[PDB]
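>>> Build me a model from this:
(3 chains)
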Amino acid sequence: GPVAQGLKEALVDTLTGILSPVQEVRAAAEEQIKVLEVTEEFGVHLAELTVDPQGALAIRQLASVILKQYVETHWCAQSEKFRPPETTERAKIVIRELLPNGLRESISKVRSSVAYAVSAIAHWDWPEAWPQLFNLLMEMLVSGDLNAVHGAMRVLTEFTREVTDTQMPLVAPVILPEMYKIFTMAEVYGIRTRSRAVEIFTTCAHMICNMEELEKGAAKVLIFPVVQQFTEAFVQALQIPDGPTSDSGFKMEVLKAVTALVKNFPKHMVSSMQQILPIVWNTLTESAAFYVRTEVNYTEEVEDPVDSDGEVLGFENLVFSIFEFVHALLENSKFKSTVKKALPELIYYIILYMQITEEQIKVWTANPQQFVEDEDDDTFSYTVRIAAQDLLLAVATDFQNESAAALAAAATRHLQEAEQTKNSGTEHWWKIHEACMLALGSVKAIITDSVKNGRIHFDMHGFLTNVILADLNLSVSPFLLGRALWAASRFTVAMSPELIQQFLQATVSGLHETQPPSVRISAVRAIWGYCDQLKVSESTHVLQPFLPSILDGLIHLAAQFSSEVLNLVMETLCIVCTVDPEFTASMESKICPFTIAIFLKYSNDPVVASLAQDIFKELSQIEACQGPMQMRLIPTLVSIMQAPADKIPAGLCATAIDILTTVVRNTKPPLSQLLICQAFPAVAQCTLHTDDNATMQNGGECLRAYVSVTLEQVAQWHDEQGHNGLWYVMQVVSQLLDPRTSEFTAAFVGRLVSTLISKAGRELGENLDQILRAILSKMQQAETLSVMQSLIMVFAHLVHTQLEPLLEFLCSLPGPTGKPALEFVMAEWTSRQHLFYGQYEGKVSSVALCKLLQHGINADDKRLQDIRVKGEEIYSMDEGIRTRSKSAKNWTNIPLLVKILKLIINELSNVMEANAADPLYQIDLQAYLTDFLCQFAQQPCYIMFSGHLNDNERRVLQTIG
Amino acid sequence: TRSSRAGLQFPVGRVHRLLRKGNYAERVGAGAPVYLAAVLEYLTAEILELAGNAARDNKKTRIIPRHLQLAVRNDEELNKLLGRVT
Amino acid sequence: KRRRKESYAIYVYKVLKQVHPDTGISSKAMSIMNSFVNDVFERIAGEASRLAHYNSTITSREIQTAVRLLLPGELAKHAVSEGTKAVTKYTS
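Numbers count the residues shown, from 1 in each chain, chains lettered A, B, ... in the order given. Coordinates below:
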């Protein structure tokens, strides 16, 4: 039409205006196209401008760039980054009829954009709206125009990832044969194009795998005969040295395809493994030599005497795929034997891959925090070195004894070769020592166990002395010295007394500031290992004389580093505190002020606060520390609790309360006036004035600790108004059970109430009822299990102490119901009993239900009998997964005592399965429940109780009688 | 057969080894992988149901990443679940 | 990018053919499902792990608990319904 032809001339004018130096024409052309974008045929005109081969390249390039972005944003209304208007059916038909011919374009940048746009469309339109796309692309492959195959192959990479099981029977038989032609015709098609052919093979194979392992008969008919031809072609191509027909990225794709077939069609490739393994092995060893020359020991500053046209891209990613291939063999029951047989040679080459690179040396020296992060056992970093180490850990976990013997032989060889290299004047000989020490330390448990039992030939004492110790006194690289301190600490169990003395001395020297950061960090890790291992072995005596210098070394290091180094020093400082309590107490005068200063300085960091808290906990558990540390720590905690909430960092106050709770829990009564007259009021006041749920909960647990440890002093304390301690506890219990606040304020109030009743209760006895009424009112608001369990556990505890008054009390009010409150407690309790968590909370609730059942029967307490509750949901066994939607398109009501009998049978089931894998604490729940049920089954009432039990419950009862 | 006598498509056996192979606990009952496997299987059935529903609502026959995205966000509980797990 | 460790694709595919037998799933969608399943596993394996100290022995009780700490509302109820049905038939 005439308006479309004029709207297209407008587009051309705007495109030429976007390509102008005068900013005025570009700023106007910018506002113009903001309107053309909403035209119906905007994309149609862009498609025409891009595809037609005679236009100006500057226009075609631009139309294609905007065409891609238009299709990405306008083609589907349900798209995420959708921008209206949606391309109309009229426009889509035209654009779909238009773009395919643009895949034959001579210019690459235009052909690629046309291909990207075609893939965007297929994502939304195939197969419903563009049924002919596949047959259309296949034509382009076999046309003979090498620009058609480049464009069609660039689309087929994405298209085949859009094909599902429904359409794969029609795509796989057709496309795979053509991918084989393209893949094997190395003299016609380029590397990248043949690589895309492997991608399409691997994509089809993954989909065929899903179909085959659901319904057998899909892989015989679609790919199995061509797997033979492809695998043969893949192994031929893996032997091609880098050149005009192969490069690393291409070799990687082949290897990933082979690996995919090994994981998905193992039974079908047993016939080819004899050919593959030697070839991948050649790839593994050659790549090791190339990696070491071009990454490990490569100095950028060295100028080549002879230039080459060199591009070695993505070589690191090839290496990764080699490890992945080995992992695949390891994860197959039949193929893993070939790795087991190759462990001595495999682990030899793994160690080559584990060597520290020059780039790694550059980074770690410049950022000690990266060193801590990269060399942590739980690091998220992924490097050739870490991947290699992971492959070692795998084979060592699968073939413990064979890996120990293989690693011993590998290290012995490496060390022999390293002595020669060192004597040749090669600077980087030490990297073999560093990698060997890393390897042996990574799997230290299997080396020491095999050496102790004489299963392997390995000079342990020579290794510790002539490698580890010797390298500690060498000055070749801080990363060698540091690795040695670490390695020694791993082999603590195999060391002579003469050695452990020298290594501990060397570790303390590793901490001093004259050492480079990586060494000091390594020494900290080493000290952690010594403390941890010598405690388990009950051999901490050898460590005692070094504690003074260790402590000073750690504190001094913390003053110079923050972030992850500090966290490492704080973790190690903490474990040091657990070696010799006598020592920790004598050094309280510096440990505690240091930790407080850290605690406050990094108050904005919860990780440090928790580490400070761990140290405070270890000091609080040492009697000789409590006095001195409390005069120190309590004023600081009190300062935190009185500070304004909006002015201190989040969580600091809640952590301060938890630290206080730990002090109270560990101090034998009576408590200092510092704890009673300063701390207790501050925490009570802090809990009553806070709006933070975490503070409130911790505050209540703190007052619970006071009440539990020294009830007398809480009672005898008063403020100026006469209010005593139990008054403040009551006010807090009131605020936590307040139905007007959050549900979570009561997440732990149940423990406070139960402890208060257990200790006082009688004292201010009218309050008990008022608390229970508050609990009930709070259960009505509460929906979460944890909260409900905390509340319901209050009544569960009262079943053991005041059974009859409880039933009397609960029948004496309606609660938040139109029924007796006893109906409300038992309705909420019985419907949640199966979810309660806690070994202690489980016993209290379990036997409480037994006693409720025992009382309702021996007596004729009809307050219990006459109650009805939910029982079970009746589900079919011949129906699939019952989703929420299946639940709205469709529960028994039974006597309370029957439901209770079932819950008891369930508690027996869960306690049996857990074993087969108040002072009630000591009762064997399994024995008690077993005892209760056997006696219960013989009472005359059981006759009609049994009829109510389902199959699973009856099974549990036959297991017992 | 282990998954078959649990009425599950998902692999009880592999889930068991993933638990043991991890530094989670040093003892695991035979009933843990069964329960966990049924949960994993129940969640994928809930997501696939709603994501396939959305694909059917656009007269499409293939689930694509956007359909999973719609299923999750347009369902309060699945949306709530994926924020805490990511 | 160490070793998204597990491949549940074949099992996601089976479950797909029960809820929607005539609907397929693309490679990227399947990969997302596999990542999702792997994440939910590692989270249930983190909660059920840290909880074994509050009660170190994981069973149908401690993953059922971690399942309710993590799943909200009906997802949590139906999950426990499908979970307990599995263990029941598994021990029958």
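>>> only C-alpha atoms for contact and neighbour calcs from this point on.
OK.
>>> what about stretch A:384-399, distance to the chain center?
A distance of 20 Å separates the centroid of the chain from that of stretch A:384-399, by C-alpha atoms, centre = their mean, to the nearest Å.
>>> Now it: buried residues?
A:384-396, A:399 (16 or more other C-alpha atoms under 10 Å in any protein chain shown).
>>> Over to stretch A:725-743?
A:725-726, A:728-730, A:732-739, A:742-743.
>>> For residue C:40, give me its contacts.
Counting by C-alpha atoms under 8 Å, 6 or more residues apart in numbering or on different chains, residue C:40 touches B:40, B:85.
>>> Would you confirm that it belongs to a helix?
Yes. According to DSSP: H, G, I helix; E, B strand; the rest coil, the state of residue C:40 is that of a helix.
>>> Relative to residue B:33, how far out is it?
14 Å (C-alpha to C-alpha, to the nearest Å).
>>> sorry, back to before: just checking, which of the buried residues of stretch A:384-399 belong to helices?
A:384-396 (DSSP state H).
>>> what number of residues lie near residue 70?
Unless you meant another one, I'm taking chain A. Here the count is done by other C-alpha atoms under 10 Å in any protein chain shown, and residue A:70 has 21 residues near it.
>>> Can you look at chain C instead?
20.
>>> picking up where we left off before, quickly name whichever of the buried residues of stretch A:384-399 is closest to chain B.
Taking C-alpha to the nearest C-alpha as the measure, chain B lies nearest residue A:394 of the buried residues of stretch A:384-399, at 10.8 Å.
>>> Tell me how far that closest one lies from residue A:857.
On the measure of C-alpha to C-alpha, residue A:394 and residue A:857 end up 60 Å apart.
>>> Repeat that for residue B:26.
43 Å.
>>> Neighbour count: the two, which is higher?
residue A:857 (17 against 13).
>>> Also within reach of chain C: list those from the ones in helices among the buried residues of stretch A:384-399.
residue A:387 (C-alpha under 8 Å from any C-alpha of the partner chain).
>>> Put together JSON lines for the ones in helices among the buried residues of stretch A:384-399, with distance to chain B on each row.
Below are these laid out as JSON lines (distance: C-alpha to the nearest C-alpha, whole Å):
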{"residue": "A:384", "distance to chain B": "23"}
{"residue": "A:385", "distance to chain B": "22"}
{"residue": "A:386", "distance to chain B": "18"}
{"residue": "A:387", "distance to chain B": "18"}
{"residue": "A:388", "distance to chain B": "19"}
{"residue": "A:389", "distance to chain B": "17"}
{"residue": "A:390", "distance to chain B": "14"}
{"residue": "A:391", "distance to chain B": "15"}
{"residue": "A:392", "distance to chain B": "16"}
{"residue": "A:393", "distance to chain B": "12"}
{"residue": "A:394", "distance to chain B": "11"}
{"residue": "A:395", "distance to chain B": "14"}
{"residue": "A:396", "distance to chain B": "13"}
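>>> Serialize the ones in helices among the buried residues of stretch A:384-399 to CSV and add fields for distance to residue A:104.
Below are those laid out as CSV (distance: C-alpha to C-alpha, whole Å):
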residue, distance to residue A:104
A:384, 41
A:385, 45
A:386, 45
A:387, 43
A:388, 44
A:389, 48
A:390, 46
A:391, 46
A:392, 49
A:393, 51
A:394, 49
A:395, 50
A:396, 54
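>>> Out of the ones in helices among the buried residues of stretch A:384-399, flag the one nearest to residue A:906.
residue A:394 (40.2 Å; C-alpha to C-alpha).
>>> Spatially, which two of the ones in helices among the buried residues of stretch A:384-399 are the most separated?
Longest span within those, C-alpha to C-alpha: A:384 and A:396, 18.1 Å.
>>> So which of the buried residues of stretch A:725-743 would count as near chain B as well?
Near chain B, by the rule C-alpha under 8 Å from any C-alpha, you find none of those.
>>> Can you tell me which of those residues end up in helices?
Filtering these for helices - DSSP H - leaves A:725, A:726, A:728, A:729, A:730, A:732, A:733, A:734, A:735, A:736.
>>> quick one, what contacts residue A:459?
Contacts of residue A:459 (C-alpha under 8 Å, 6+ apart): none.
>>> quick one: buried residues of the lengthiest helix in chain B?
Ordering each helix of chain B by length in residues (DSSP H) puts helix B:31-57 first. Buried residues in helix B:31-57, counted by 16+ other C-alpha under 10 Å: B:31-56.
>>> Give the next helix or strand downstream of it.
Counting by DSSP states H and E, the next helix or strand C-terminal to helix B:31-57 is strand B:62-63.
>>> What is the subsequent helix or strand relative to that following strand?
Heading C-terminal from strand B:62-63 (DSSP H and E), you reach helix B:65-73.
>>> In contact with the residue of the stretch 501-650 of chain A found nearest chain C: list those residues for me.
Nearest residue of the stretch 501-650 of chain A to chain C: residue A:610, at 16.4 Å (C-alpha to the nearest C-alpha). If a contact means C-alpha under 8 Å, 6+ apart, then residue A:610 has residue A:655 as its contacts.
>>> Can you tell me the SS state at it?
helix.
>>> Any idea how many residues pack against residue A:20?
Residue A:20 - counted by other C-alpha under 10 Å - has 12 other residues nearby.
>>> mind listing the strands for the chain?
Here I'm looking at chain A. Using DSSP state E, the strands found in chain A span residues A:868-870, A:893-895.
>>> nope, chain C
Using DSSP E, strands in chain C cover C:24-25.
>>> and it, which of its residues are near chain A?
C:1-2, C:9-10, C:13-14, C:18, C:22-28, C:54-55, C:57-62, C:64-65, C:74-75, C:78, C:82, C:88, C:92.
>>> show me the contacts for residue B:15.
By C-alpha under 8 Å, 6+ apart, the neighbours of residue B:15 are B:33, B:36, B:37.
>>> The second one and chain A, how far apart?
The span separating residue B:36 from chain A equals 14 Å under the rule C-alpha to the nearest C-alpha, to the nearest Å.
>>> Would you agree that residue is in contact with residue C:83?
Yes. Between residue B:36 and residue C:83 there is a contact under C-alpha atoms under 8 Å: 6.9 Å.
>>> Overlap of the contact sets of the two?
residue C:64.
>>> Near chain A, which residues of chain B are found?
So chain B meets chain A at B:27, B:28, B:29, B:30, B:31, B:42, B:45, B:46, B:60, B:62, B:66 (C-alpha under 8 Å from any C-alpha).
>>> ok, now with 10 Å
By C-alpha under 10 Å from any C-alpha of the partner chain, the residues of chain B that approach chain A are B:7-8, B:21, B:27-32, B:38, B:41-43, B:45-47, B:49-50, B:58-64, B:66-67, B:69-70.
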